[PDB]
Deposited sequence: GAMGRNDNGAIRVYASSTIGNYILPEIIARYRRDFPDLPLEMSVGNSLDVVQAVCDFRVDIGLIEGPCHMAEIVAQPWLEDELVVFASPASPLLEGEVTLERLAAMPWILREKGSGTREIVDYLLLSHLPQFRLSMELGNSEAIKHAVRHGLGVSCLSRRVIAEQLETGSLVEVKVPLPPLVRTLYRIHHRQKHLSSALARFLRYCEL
């Protein structure tokens, strides 16, 4: 049996298909998947409840072995009818927007705090939501702007109900990590399917 805990982006937009490919080639092999945020994954790995954990924020703990797994780009997005789309986008223009952010303790919020909102002086924090679907649908209804992994809003980017905003910053690329406890099981068979 394998126990995997993934953060929101991974557990909802990367992991389901991997399990499909895994349980296709290995039926009768158990897999219990749990999805929370990056903090919940880290604490669940520390408690010896899961075998491996997949996080989208950093993790600098002595008892945790973190290895880079995939790359992921966060994007500022807005509704197509947003005034931010017309004209040159600057830092001061982005700080003046109503930002809908993920709760503190999520990897998305921590990374965007480091790469983006760190340079938006006194950015207006309009709403804090505990999941990215509520953030996605709020932004597409013109309730503000946000920053999420491209995997979360991919379908809405192609459909058109959400438009990527050109940010005057280097691309907001982040690393998704695989973690496990140092002091801690057919994982090699499962880790095969997490390769590109």
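Q: In sequence order, name the stretches of the deposited sequence that have no C-alpha in these coordinates.
A: Residues missing from the model, as numbered along the full deposited sequence, span 1-9, 194-196.
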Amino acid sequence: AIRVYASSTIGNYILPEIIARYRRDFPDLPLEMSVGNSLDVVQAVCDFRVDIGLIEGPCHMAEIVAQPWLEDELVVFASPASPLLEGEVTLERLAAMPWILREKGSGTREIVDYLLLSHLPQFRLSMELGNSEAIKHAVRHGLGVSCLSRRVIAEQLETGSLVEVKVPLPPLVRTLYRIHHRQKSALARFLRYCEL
From here on, numbers count along this sequence of modelled residues.
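Q) Do the CA atoms of 46-54 or those of 145-153 have the higher mean B-factor in the entry? A) According to the PDB entry, the answer is 46-54.
Q. Given the B-factors recorded for C-alpha atoms, which segment has the greater mean, 173-181 or 12-20?
A. Higher of the two, by average CA B-factor, is 12-20.
Q.
Between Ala66, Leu70, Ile135, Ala62, which one tops the list for Cα B-factor in this entry?
A. Within the set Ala66, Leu70, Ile135, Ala62, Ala62 shows the top C-alpha B-factor.
(Q) Among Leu125, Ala78, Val89, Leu74, where is the Cα B factor highest in this entry? (A) Highest C-alpha B-factor among the listed residues goes to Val89.
Q) By the record's CA B-factor, is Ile2 among the lowest, middle or highest third of residues in the chain? A) Highest third, going by the recorded CA B-factors of the chain.
Q: Taking the chain's C-alpha temperature factors as the reference, tell me which third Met97 falls into: lowest, middle or highest.
A: Middle third of the chain for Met97's C-alpha B-factor.
Q) Would the CA B-factor of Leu120 place it in the lowest, middle or highest third of its chain? A) Its C-alpha B-factor belongs to the middle third of this chain's values.
Q) Against its chain's modelled residues, does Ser106's Cα B factor rank lowest, middle or highest third? A) Middle third.
Q. If you rank the chain by CA B-factor, which third does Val139 end up in: lowest, middle or highest?
A. It belongs to the lowest third of the chain when residues are ordered by C-alpha B-factor.
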